[PDB]
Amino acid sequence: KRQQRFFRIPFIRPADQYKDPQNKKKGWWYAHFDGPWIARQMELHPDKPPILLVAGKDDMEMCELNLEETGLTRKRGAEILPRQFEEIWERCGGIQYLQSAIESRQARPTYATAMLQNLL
């Protein structure tokens, strides 16, 4: 519970990189690190469905760097409370997504899988 750390990075599309403010459509990237390694990754996009990614199943798509090598703990305003991650995760259908990666046996065991399995 104390080794669990949560980060958020607002972003804009590289296509809107050099446009005026009113044309920069914002999304948000989220990561849940279980100790050094990302257990859950989540992306809110302005123009497509949310992307949900869990360790094991989605390893090739997710951030590959550990917490120390991301530098996120050194980026001011990046860190968020657990609740700020979970509220979004839940609204995006993250529980059904994680549960499905467990049952299909694609998910790597993490603090996140343990918490869901405790519920079920």
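Note that residue numbering begins at 1 and tracks the sequence as displayed.
A.B. asks: Got a sec? Mean C-alpha B-factor, which is higher, 107-115 or 15-23?
C.D. replies: Result: 15-23.
A.B. asks: Looking at the entry, does 61-69 or 79-87 show the higher mean C-alpha B-factor?
C.D. replies: Looking at the record's C-alpha B-factors, the answer is 61-69.
A.B. asks: Against its chain's modelled residues, does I9's Cα B factor rank lowest, middle or highest third?
C.D. replies: Lowest third of the chain for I9's C-alpha B-factor.
A.B. asks: Split into thirds by Cα B-factor across the chain's modelled residues, where does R74 land: lowest, middle or highest?
C.D. replies: According to the entry, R74 has a C-alpha B-factor in the chain's highest third.
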